[PDB]
Amino acid sequence: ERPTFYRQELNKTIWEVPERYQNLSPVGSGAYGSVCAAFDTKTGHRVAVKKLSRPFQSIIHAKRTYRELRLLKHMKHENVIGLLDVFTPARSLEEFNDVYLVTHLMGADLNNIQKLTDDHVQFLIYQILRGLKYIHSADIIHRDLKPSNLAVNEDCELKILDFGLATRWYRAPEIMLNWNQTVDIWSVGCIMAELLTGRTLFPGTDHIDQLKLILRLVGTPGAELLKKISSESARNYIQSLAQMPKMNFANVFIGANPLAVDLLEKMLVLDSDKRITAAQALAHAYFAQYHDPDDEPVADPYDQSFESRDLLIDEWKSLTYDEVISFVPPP
Ligand SMILES: CS(=O)(=O)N1CCC[C@@H](NC(=O)[C@H](CCC2CCCCC2)NC(=O)c2ccc(CNC(=O)c3cnn(-c4ccccc4)c3N)cc2)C1
């Protein structure tokens with residue numbers, strides 16, 4: 001029982017969407033790609049419709065499209081973006097070439113929310129950790145967490161997403177030198193610090209400067225962590241730099257809530273085996289007033305075996321088409 005579509009141009013781009021979506025207006029200045037705001041006549045709420053660009057232009061684009069659809073269909077959590085609809089005007093695989101995604105209309109990102117109160121930071125970071133506990137439990141690593149990938153509405157309700165299109169300021173040092181899930185926790189540490197102080201914690205100009213700033217705070221690796229670098233070039237570099245002491249975070253986040261400081265000490269550790277996880281962090285005393293261990297769920301298992309597959313462009317397209325058809329809309 002297929003719906004009725006209607007076509008229209010919008011800023012040198014064609015849009016064929018269910019009549020159920022109306023009053024489409026472009027949002028961003030193309031920053032988010034081809035995205036419009038909309039009114040959903042089924043529900044009566046604003047939505048965001050994104051039309052992918054050249055989704056099957058190449059083998060790599062076909063796989064990235066399939067990956068994005070598969071991940072979005074899996075996410076069912078209050079602090080993670082979710083898929084409200086996915087559709088295509090095509091009536092059969094032979095004419096399938098465009099893919100539309102429908103999500104909630106997000107309010108503003110965390111860059112667009114002056115420092116916050118300590119209570120505001122607790123709530124926002126709490127919600128990020130809660131969604132991270134959920135994606136991490138599915139063996140899903142975000143990898144690109146940063147204020148522009150956090151959406152927050154007027155109730156300060158937060159959702160994690162990934163718009164795609166600097167990342168380096170938030171990036172774990174191990175995956176910037178190539179020597180697990182807690183790369184995301186490092187980024188939370190950087191975000192949390194910024195909310196507290198009002199300043200980018202590690203505003204590095206490139207990768208070597210980014211590492212220089214990081215070690216000035218957390219200190220040069222010790223032999224405990226040195227014993228775990230396999231990359232021989234990485235070891236030589238770190239041992240050649242000037243030995244800089246670990247700073248005491250209380251002298252750097254002066255005046256901040258000492259629970260917040262203690263949590264920063266547990267997130268912004270160089271050794272990834274010692275970094276706090278999302279689930280452990282939810283139990284930190286700093287979130288004492290939001291922590292609810294009975295309402296911090298994990299995710300269903302996520303089959304990502306496809307990621308190790310080499311398929312042709314038309315096969316990835318077919319699989320994307322499967323996921324479009326099999327899609328069941330939520331409540
Ligand atoms: C690293 S890559 O391999 O994966 N891959 C490359 C990089 C991007 C990756 N994104 C993903 O896979 C995620 C889902 C998977 C991701 C996994 C980790 C946990 C978060 C979700 N795609 C998205 O997040 C996404 C998809 C569609 C949409 C559509 N709504 C909008 O655009 C929208 C809604 N509101 N607004 C807005 C906000 C404020 C003001 C005005 C407008 C918009 N502009 C938005 C986001 C894919």
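One-based numbering, in listed order, for ligands and for the atoms of each. Residue numbers start at 1 and run along the sequence shown. These numbers come from the heavy atoms of this one structure, side chains and all, not from hydrogens, waters or symmetry mates.
- Taking the six-membered ring where the residue is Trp, the centroids of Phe96 and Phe56 are separated by under 6.0 Å.
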Provide, line by line, the atom pairs where ligand 1 and the protein bring an N/O atom each to a distance under 3.5 Å; else say none.
residue, atom, partner, partner atom, Å
ligand 1, 10 (N), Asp162, O, 2.9
ligand 1, 22 (N), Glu68, OE2, 3.0
ligand 1, 22 (N), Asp162, O, 3.4
ligand 1, 24 (O), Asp162, N, 2.8
ligand 1, 24 (O), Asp162, O, 3.3
ligand 1, 30 (N), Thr103, OG1, 2.8
ligand 1, 35 (N), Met106, N, 2.8

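- Outside the 6.0 Å centre-distance limit, the rings of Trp15 and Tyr6 are not counted as a close aromatic pair.
- Using modelled atom types, no side-chain atom of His77 and backbone atom of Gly82 make a donor-acceptor pair closer than 3.5 Å.
- Judged by distance alone, the side chain of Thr167 and the main-chain N or O of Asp144 form no donor-acceptor pair under 3.5 Å.
- In this structure, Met106 and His104 have side chains that are in contact, with non-hydrogen atoms separated by less than 4.5 Å.
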Going by atom type alone, with no hydrogens or angles, which donor-acceptor pairs under 3.5 Å involve a side-chain atom of residues 322-331 and a protein atom two or more places apart or on another chain?
residue, atom, partner, partner atom, Å
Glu323, OE1, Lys73, NZ, 2.7
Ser326, OG, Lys73, NZ, 2.7
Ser326, OG, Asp322, O, 3.4

